[PDB]
A.B. asks: 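One structure coming up, written as structure tokens, with questions to follow.
The basis for the numbers below is simple: all heavy atoms, side chains too, and nothing from hydrogens, waters or symmetry mates. Numbering of ligands and ligand atoms starts at 1, following listing order. Reminder, nothing fancy here: chain letters follow the sequence lines and each chain counts from 1.
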Amino acid sequence: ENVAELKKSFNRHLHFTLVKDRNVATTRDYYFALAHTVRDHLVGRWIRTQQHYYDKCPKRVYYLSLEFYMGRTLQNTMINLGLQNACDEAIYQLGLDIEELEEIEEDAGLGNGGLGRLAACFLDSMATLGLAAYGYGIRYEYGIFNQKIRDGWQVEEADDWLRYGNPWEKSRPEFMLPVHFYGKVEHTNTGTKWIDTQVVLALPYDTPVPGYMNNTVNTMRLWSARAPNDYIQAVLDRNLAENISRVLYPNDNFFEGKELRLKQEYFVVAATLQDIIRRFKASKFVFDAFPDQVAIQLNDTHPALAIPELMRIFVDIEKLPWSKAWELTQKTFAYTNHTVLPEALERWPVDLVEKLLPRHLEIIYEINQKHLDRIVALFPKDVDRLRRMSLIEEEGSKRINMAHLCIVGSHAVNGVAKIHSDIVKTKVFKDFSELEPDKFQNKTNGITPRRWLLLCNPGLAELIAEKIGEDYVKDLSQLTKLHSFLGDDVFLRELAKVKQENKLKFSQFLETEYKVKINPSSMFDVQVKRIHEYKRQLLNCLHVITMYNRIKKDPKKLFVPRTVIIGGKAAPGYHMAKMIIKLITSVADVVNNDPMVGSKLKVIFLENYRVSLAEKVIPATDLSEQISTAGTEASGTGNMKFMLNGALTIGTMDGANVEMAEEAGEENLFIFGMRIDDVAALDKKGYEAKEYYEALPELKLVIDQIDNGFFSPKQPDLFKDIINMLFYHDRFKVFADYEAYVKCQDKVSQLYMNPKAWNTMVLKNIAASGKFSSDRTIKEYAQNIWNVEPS
Amino acid sequence: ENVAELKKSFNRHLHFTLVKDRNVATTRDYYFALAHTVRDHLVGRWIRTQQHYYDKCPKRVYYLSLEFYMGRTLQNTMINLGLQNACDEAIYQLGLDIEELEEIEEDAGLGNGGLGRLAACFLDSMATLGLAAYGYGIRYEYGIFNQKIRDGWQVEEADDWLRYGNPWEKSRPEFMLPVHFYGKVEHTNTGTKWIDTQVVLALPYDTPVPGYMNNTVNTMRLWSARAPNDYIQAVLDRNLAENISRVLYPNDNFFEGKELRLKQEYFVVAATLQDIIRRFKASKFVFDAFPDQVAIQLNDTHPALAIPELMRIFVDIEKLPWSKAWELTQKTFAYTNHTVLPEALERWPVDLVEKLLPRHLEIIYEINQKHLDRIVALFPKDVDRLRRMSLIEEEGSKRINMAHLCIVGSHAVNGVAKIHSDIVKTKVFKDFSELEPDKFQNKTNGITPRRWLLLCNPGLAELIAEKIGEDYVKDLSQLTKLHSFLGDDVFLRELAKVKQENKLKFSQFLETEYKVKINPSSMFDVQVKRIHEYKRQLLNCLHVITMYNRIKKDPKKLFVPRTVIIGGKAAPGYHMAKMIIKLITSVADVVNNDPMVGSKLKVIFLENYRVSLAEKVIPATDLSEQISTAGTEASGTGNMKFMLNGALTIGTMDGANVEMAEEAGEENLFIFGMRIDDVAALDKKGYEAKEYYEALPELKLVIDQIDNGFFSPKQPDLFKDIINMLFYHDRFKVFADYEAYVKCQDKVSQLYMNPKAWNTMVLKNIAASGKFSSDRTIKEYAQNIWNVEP
Ligand SMILES: O=C(N[C@@H](Cc1ccccc1)C(=O)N1CC(C(=O)O)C1)c1cc2cc(Cl)ccc2[nH]1
Ligand SMILES: Cc1cc2nc3c(=O)[nH]c(=O)nc-3n(C[C@H](O)[C@H](O)[C@H](O)CO)c2cc1C
Ligand SMILES: *Cc1c(COP(=O)(O)O)cnc(C)c1O
Ligand SMILES: *Cc1c(COP(=O)(O)O)cnc(C)c1O
Ligand SMILES: CC(=O)N[C@@H]1O[C@H](CO)[C@@H](O)[C@H](O)[C@H]1O
């Protein structure tokens with residue numbers, strides 16, 4: 001009945017929408033035909049959901065982020081709507097392979113990593129929980145670049161994801177808005193005027209966000225820059241305004257103070273706030289109840305400008321008195337802190353802001369005066385306190401500390417993991433938290449069980465549902481029921497078979513994609529995340545070389561075989577990250593082609609790591625590498641995906657790793673290396689990498705091989721830069737955790753030789769992953785920050 | 001496809017396609033819902049038509065043009081498909097106004113004027129005649145600019161026609177192709193290689209072209225430039241390649257040798273030829289029969305590069321020997337000449353071509369040598385003949401004469417009107433026509449009766465069909481049957497009522513759009529075409545001022561009232577055209593606000609003249625101004641639209657105007673002024689505008705008022721530039737035709753006072769318009785140049 005109508009709709013779309021028949025249709029046409037067939041099932045509910053929010057007017061949540069790492073939409077939509085099985089059958093009956101059609105879809109890679117994926121995971125949870133929430137960002141013409149490996153090096157290729165069209169976005173021409181830039185401030189008797197500005201239009205594109213089996217369809221609104229309204233040159237120059245939403249800055253945890261980036265931040269903030277204000281004034285709910293109807297979450301400081309923009313609107317446009325506007329503003333905004341790394345901190349030079357946003361610079365100054373006046377009144381003698389709490393930094397050049405603007409403009413500030421939120425509250429912003437202790441909170445990150453379990457690992461989800469029901473999908477805490485099977489050998493072998501099939505499926509991937517032959521029974525050791533010195537795939541590379549030498553030493557020694565996979569993109573300007581990639585492809589080349597090691601150890605640099613590819617490798621993983629230096633990874637989410645999918649974790653007591661051990665029992669994770677306190681002690685005492693290289697014979701060998709050209713014969717000093725940083729500038733102490741790491745790694749393999757105990761531990765991990773659902777994360781945000789409830 | 005199912009489809013699209021309901025839908029959503037509803041009716045026939053061409057493999061026609069002035073598509077499609085009445089009813093039942101929805105659609109203004117509209121009219125006729133024809137152009141992101149009038153001056157606004165989406169285009173991703181630029185030529189032992197080039201991808205977008213009531217749906221394929229595959233800057237720099245299809249050059253009859261324009265020309269040529277070759281090799285058809293399967297018409301010299309590109313492909317890629325390739329090339333191409341005006345002539349500097357297209361420059365040189373060798377062999381003593389017939393001009397800087405390249409690479413060359421084709425053949429290219437007399441031809445232009453009668457003037461089409469049947473739609477020569485009603489007073493009054501209702505409808509337009517109050521019973525005097533010194537709306541402006549003074553002179557004099565309308569866009573760099581516009585808005589301001597003239601004379605500068613707006617004003621017109629200097633307007637097509645729609649013509653013996661008099665009887669048109677020979681005689685003898693200003697008292701007054709600030713008090717010398725050109729540099733002799741013009745105009749008004757005789761003449765015009773159908777034009781092209789059949 002349903003299968004029949006689905007095949008009918010597909011043929012209808014292929015004909016009328018793609019203008020094709022079965023003899024001339026391309027694979028891309030079949031994908032689009034299916035996408036349209038599935039898309040139609042979203043319309044009724046999307047209209048009803050948005051209409052419901054208008055009628056019953058519940059408090060609305062607006063997740064304002066410069067990034068939304070959404071991945072592919074077809075499968076996700078089919079699943080949340082309960083149409084996957086019917087569609088799978090419809091496509092099969094028509095003689096096609098749904099998997100092939102699914103591969104046609106481009107990832108919507110409008111994010112760099114964890115930050116943009118958290119936003120994506122949050123949209124899915126907010127819809128599944130039935131909250132009146134909206135995602136607001138920029139519709140980048142180009143997302144995170146596609147990565148290629150040339151002569152072992154990363155090469156960037158433009159990610160032209162819209163070239164063939166996106167059936168999942170809906171232009172909303174009637175809501176276009178003008179955004180202002182430059183110009184000059186004019187203080188009149190009717191109020192202050194921001195005049196002589198250049199205008200860039202913002203056209204919003206709505207993408208539906210289907211809740212998991214609940215008839216709710218929320219919206220993700222992305223803005224695209226358009227020019228307003230020598231002739232030829234004047235028309236070509238329209239490219240200049242449209243360049244604002246042209247490309248996503250491909251840096252993870254790195255502030256790049258480019259003027260264009262500033263424009264993107266203001267662009268999305270101005271369009272968004274105007275749209276929210278307009279929706280408020282049409283709600284039939286004059287802004288007294290604004291914050292009882294509106295909640296705006298600042299995802300990192302990127303949209304910090306939203307604070308003085310709201311004030312600008314309230315004061316300059318709506319004519320509200322400063323005091324009242326300031327109060328509403330704080331009740332409206334909440335700020336989420338995502339990192340304590342110095343290079344990620346946004347500090348915009350007042351000069352640049354003055355030229356681009358002169359009125360906003362005056363507003364920020366005013367906020368700062370009112371702010372410092374309060375502090376001067378309570379702590380008179382304390383002069384330096386004012387210096388430390390100011391939104392303005394006069395170090396060399398004067399600049400705005402965006403993080404401080406976010407704190408004073410918000411009623412709630414949160415970190416993303418216990419350890420991180422603690423550091424944010426008591427160390428980094430001690431001066432602020434002391435004054436307003438109730439302001440700072442923690443909201444441990446999470447991942448959505450739909451995309452990261454049900455979609456990416458159907459085999460595992462089925463096994464679990466077979467044993468404990470399907471309720472866990474909407475309430476992952478349900479996974480603890482998996483404990484009852486701890487001594488169940490048949491279940492443990494079923495668990496091990498699912499993982500075995502994931503590995504085989506992914507092995508097929510690696511062999512067609514890459515030269516090398518993979519040992520499907522080897523242990524899959526994986527580290528996939530953005531290349532960073534702080535995340536240390538370098539430390540991992542030190543271990544791979546160690547295992548290499550060891551085999552070369554004693555060839556016939558009983559060695560648990562491994563397929564080591566390291567994948568991730570480096571920001572374009574990050575030289576060390578790029579050197580580390582080359583170092584890894586070099587090592588692999590030597591290991592994979594050495595006859596004495598052969599099928600014992602294989603190394604793969606998984607290129608173009610991205611959301612759709614994460615969905616493949618993660619379910620096939622046995623060992624998840626989460627080895628950042630303690631105190632560096634604010635939270636992490638990749639660690640959670642691997643835990644939910646049956647992999648054991650080797651890592652430090654950092655970010656959310658700590659809470660994973662808490663939930664699963666430290667004994668059921670391979671924790672190692674320095675802890676927050678240990679890195680501190682070492683810092684005070686002073687770190688000298690040279691000493692470990694001295695003490696550690698296995699390390700000295702690894703290092704001498706790198707620095708001598710053993711892994712770059714034609715370029716003997718190619719890795720000279722890596723050697724120098726490690727010996728004289730390693731802020732992340734690679735050599736200091738090397739011994740504990742290799743020791744920890746040895747124990748992992750020992751446990752791997754015992755299938756029954758390895759799988760018993762995996763079970764304890766999966767049964768303990770319930771806390772890491774973004775459904776739980778969102779619930780806490782909802783009741784402790786946004787003050788909202790399901791609809 | 002009746003009313004109930006049409007309303008159903010509309011609601012379905014509004015819901016699933018526009019994601020709306022009746023309470024939140026916008027007017028734009030309603031337009032799109034209807035467009036999609038109508039579009040669906042094209043799919044079956046479009047797939048079957050293209051499939052038919054593959055199976056039965058008839059010789060195909062490819063109209064290669066840098067311009068396609070298509071206008072709006074909804075109404076046209078509804079009409080050619082016989083769905084207009086049903087849709088009209090469906091939309092009405094749903095509580096909407098189809099006229100309002102139709103106004104939402106943007107014109108597809110991918111052309112400047114006559115040249116691009118001729119291409120558009122040809123696509124409609126080729127589909128109605130059932131020919132296997134394709135239109136190949138560039139999908140400009142921006143078409144001809146939208147014109148605004150600020151402080152009486154034209155201002156240009158970007159024509160962002162794709163902003164909200166084009167439901168009539170279909171991306172054809174599987175046929176994307178790479179186009180090459182720059183690089184360098186490498187002569188090897190395996191053949192010549194064009195290497196180290198930069199690549200720009202070309203993605204084609206197909207638009208259906210429905211034939212009139214015949215199940216045929218052809219294709220118009222437009223190419224869009226896309227880049228292949230410091231980081232941020234590198235991605236932004238992708239804008240540079242995509243800039244190739246960014247904007248239409250807004251010049252009419254004017255060559256602007258900009259490098260970007262050269263890129264556009266090669267771009268469309270390279271993508272098009274590769275696509276045609278590929279389709280040829282898949283036809284199930286050896287390039288021996290290539291020209292028996294392919295015909296490529298060069299619309300003006302703009303795609304001239306297609307000749308050495310085809311050769312490049314045949315020789316460098318397909319490895320054919322030069323002689324064989326050259327033969328197939330000539331049998332493939334045919335060239336159409338659209339103008340004899342010097343500023344429109346394409347002469348690209350060999351330097352620029354050398355850098356951008358080094359391999360094509362070598363090919364053009366080779367063609368020129370083989371060409372001159374032939375001429376040297378037949379006319380040894382004649383040295384200067386070689387200089388005159390060369391594709392290369394060494395005057396100052398060396399440059400390529402694109403027109404000469406088109407002549408030698410084509411087997412047929414045609415003009416667009418008898419008088420023009422004659423000049424092209426015997427005067428301009430005498431050296432070539434003498435050698436190959438059979439090469440040069442004429443193919444008088446035409447307009448499609450669908451868009452230009454049935455669509456734009458439903459009232460007239462109905463009246464005609466009521467009296468002589470509907471066969472005239474597909475065979476306009478049928479209009480001669482209208483003669484039988486020449487003495488029929490009731491028919492003549494019915495004819496006059498249709499024109500009366502057009503005027504009222506358009507008057508509603510002019511009053512809401514413009515301040516002024518219009519006399520619906522006044523004579524609508526109209527001149528709408530691109531602003532050009534050669535088209536002379538200036539001469540027209542001299543007459544308006546004349547009528548003005550006359551009224552001021554004798555207020556109570558019996559004067560047939562007029563609503564004078566002049567509209568058109570000036571190219572951005574054309575200073576004189578812009579000055580003339582300002583001069584016209586200035587005059588209007590004075591006339592329209594002068595209490596002594598009042599409702600006697602009103603002047604309007606119809607802004608943003610374009611295809612959809614032509615469809616409104618043309619049917620409402622009584623008098624059509626076709627007054628270019630004799631010998632300047634190669635043909636004209638606006639003249640034909642007005643004739644088919646019931647307007648009388650006042651004009652010179654130029655372009656197709658001459659043939660209009662031939663068909664309708666010179667007596668039934670208001671011809672005047674110098675003729676081709678008269679302008680020549682005056683040229684030899686020397687023209688001195690000062691003498692007419694001397695002799696003509698009415699003229700002297702007009703001129704003194706202009707030059708003294710009567711029409712620009714705050715800027716007394718504002719029109720100084722206009723005065724100078726008219727006295728010392730008027731290549732188009734405005735003062736010389738002024739007297740004959742005003743005299744001719746006086747007679748027009750005299751005939752207008754006699755409704756029965758005016759309408760009797762209009763009837764003789766309409767009944768004689770059959771020759772000007774583009775169906776007849778295409779039939780002649782098909783049997784005498786392309787050698788193709790339905
Ligand atoms: O564009 C059409 N369908 C659309 C269908 C579509 C819509 C959204 C996403 C993917 C596909 C189409 O093919 N594309 C939009 C993409 C782009 O903008 O690049 C590609 C279309 C159907 C049709 C049918 C007729 Cl009869 C005439 C013109 C037509 N265009
Ligand atoms: C038929 C014709 C077309 C012209 N088109 C243009 C044009 O498109 N742009 C421009 O800048 N000038 C144009 N001109 C003006 C020309 O370049 C030159 O400036 C004047 O003719 C010198 O008086 C045109 C002139 C003529 C006669
Ligand atoms: C989850 C995810 C990340 C974040 O990974 P971490 O290891 O937690 O930094 C990055 N990239 C992609 C594509 C992801 O799916
Ligand atoms: C037909 C047409 C033209 C050509 O008119 P002429 O009077 O022949 O110059 C130019 N522009 C538009 C919009 C047209 O419809
Ligand atoms: C170069 C150019 O645009 N020429 C124009 O071509 C059209 C189409 O043939 C003619 O009707 C017109 O008189 C002529 O001015």
A.B. asks: Tell me the nearest of B:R731, B:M576, B:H729 to atom 21 (O) of ligand 2, using heavy-atom distances.
C.D. replies: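 Closest candidate by heavy-atom distance is B:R731.
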A.B. asks: What is the ring orientation for B:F509 with B:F506, classed by angle as parallel under 30°, tilted 30 to 60°, or perpendicular over 60°?
C.D. replies: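 Ring orientation of B:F509 relative to B:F506: parallel.
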A.B. asks: Any side-chain heavy atom of B:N76 within less than 4.5 Å of one from B:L455?
C.D. replies: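 Yes; the side chains approach each other to less than 4.5 Å.
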A.B. asks: Residues in side-chain contact (heavy atoms from CB on, under 4.5 Å) with B:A403, at least two apart?
C.D. replies: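 side-chain contact (heavy atoms from CB on, under 4.5 Å) list for B:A403, sorted by chain: B:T301, B:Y335, B:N401, B:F429.
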A.B. asks: Got B:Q527 and B:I565 here, is their nearest side-chain heavy-atom distance under 4.5 Å?
C.D. replies: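 Of all side-chain heavy-atom pairs linking B:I565 with B:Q527, none is under 4.5 Å.
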A.B. asks: Quick one: does B:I566's side chain get under 4.5 Å of B:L606's, heavy atoms only?
C.D. replies: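 Contact flag for B:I566/B:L606 side chains = no.
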A.B. asks: Who's the nearest protein heavy-atom neighbour of atom 7 (C) of ligand 2, and how far?
C.D. replies: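 Result for atom 7 (C) of ligand 2: B:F254 CG, 3.3 Å.
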A.B. asks: Restricting to non-hydrogen atoms, name the atom on B:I722 and the atom on B:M579 that form the minimum distance, rounded to 0.1 Å.
C.D. replies: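 Scanning both residues, the minimum pair turns out to be CD1-O, 3.8 Å.
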A.B. asks: Could you tell me which atoms of ligand 2, counted from 1 in the order shown, lie closer than 4.0 angstrom to a heavy atom of B:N253?
C.D. replies: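 The list of qualifying atoms is 3 (C).
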A.B. asks: Can you find a protein heavy atom under 4.0 Å from atom 18 (C) of ligand 2?
C.D. replies: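 Within 4.0 Å of atom 18 (C) of ligand 2, no protein heavy atoms are found.
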A.B. asks: Does A:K569 qualify as a cation-pi partner of A:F145, given the criterion of NZ or CZ under 6.0 Å from the six-membered ring centre and within 45 degrees of its axis?
C.D. replies: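 A:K569 over A:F145 ring: yes.
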A.B. asks: Protein heavy-atom contact under 4.0 Å for atom 4 (C) of ligand 2?
C.D. replies: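 At least one protein heavy atom is under 4.0 Å away.
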A.B. asks: What protein heavy atom is closest to atom 25 (C) of ligand 2, reported as residue, atom name and distance in Å?
C.D. replies: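 Heavy-atom neighbour on the protein nearest atom 25 (C) of ligand 2: B:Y574 OH, 3.5 Å.
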A.B. asks: Walk me through whether B:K529 and B:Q537 qualify under side chain to side chain donor-acceptor pair (under 3.5 Å).
C.D. replies: CA-CA 9 Å; B:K529 57 195 61 243; B:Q537 23 287 299; over 6 Å; no
A.B. asks: Does the protein come close to atom 14 (N) of ligand 2 - that is, does one of its heavy atoms sit below 4.0 Å from that atom?
C.D. replies: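 Within 4.0 Å of atom 14 (N) of ligand 2, protein heavy atoms are found.
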A.B. asks: Number the atoms of ligand 2 from 1 as they appear, then name those within less than 4.0 Å of a heavy atom of B:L341, with their elements.
C.D. replies: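 So the answer, numbered in order with elements, is 1 (C).
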A.B. asks: State the atoms of ligand 2, each with its element, that fall below the 4.0 Å cut-off from a heavy-atom position in B:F732.
C.D. replies: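 Near B:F732, meaning under 4.0 Å from one of its heavy atoms, ligand 2 has 27 (C).
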A.B. asks: Please tabulate, one line per pair, the protein N or O atoms found under 3.5 Å from any N or O atom of ligand 4, giving the distance to one decimal.
C.D. replies:
{"residue": "ligand 4", "atom": "7 (O)", "partner": "B:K529", "partner atom": "NZ", "Å": "2.7"}
{"residue": "ligand 4", "atom": "8 (O)", "partner": "B:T637", "partner atom": "N", "Å": "3.1"}
{"residue": "ligand 4", "atom": "8 (O)", "partner": "B:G638", "partner atom": "N", "Å": "3.2"}
{"residue": "ligand 4", "atom": "9 (O)", "partner": "B:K535", "partner atom": "NZ", "Å": "2.9"}
{"residue": "ligand 4", "atom": "15 (O)", "partner": "B:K641", "partner atom": "NZ", "Å": "2.8"}

A.B. asks: I need the contact type for B:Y534 against ligand 2. Using non-hydrogen atoms and a strict under-4.0 Å cut-off, is it side chain, backbone, both or neither?
C.D. replies: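 Only the side chain of B:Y534 comes within reach of ligand 2.
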A.B. asks: Any side-chain heavy-atom pair from B:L115 and B:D300 closer than 4.5 angstrom?
C.D. replies: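 Sidechains of B:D300 and B:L115: in contact.
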A.B. asks: Does the pair B:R261/B:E256 count as a salt bridge with the N-to-O cut at 4.0 Å?
C.D. replies: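 So B:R261 does not pair with B:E256 through a salt bridge.
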A.B. asks: Give yes or no for whether the N/O distance cutoff of 3.5 Å, strictly under, is met between B:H532 and ligand 2.
C.D. replies: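 In this structure, B:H532 places no N or O atom under 3.5 Å from an N or O of ligand 2.
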A.B. asks: Going by the order shown, which atoms of ligand 2 are within less than 4.0 Å of some heavy atom of B:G573?
C.D. replies: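 Near B:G573, the atoms of ligand 2 are 9 (N), 10 (C), 11 (O).
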A.B. asks: Passes side chain to side chain donor-acceptor pair (under 3.5 Å), A:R117 versus A:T637? Steps please.
C.D. replies: CA-CA 9 Å; A:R117 183 51 228 179; A:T637 54; over 6 Å; no
A.B. asks: Protein heavy-atom contact under 4.0 Å for atom 1 (C) of ligand 2?
C.D. replies: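 Yes, there is one.
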A.B. asks: Looking at every heavy atom in both B:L623 and B:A647, which two are closest together, and how far apart are they?
C.D. replies: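 Heavy atoms of B:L623 and B:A647 come nearest at N-CB, 4.4 Å.
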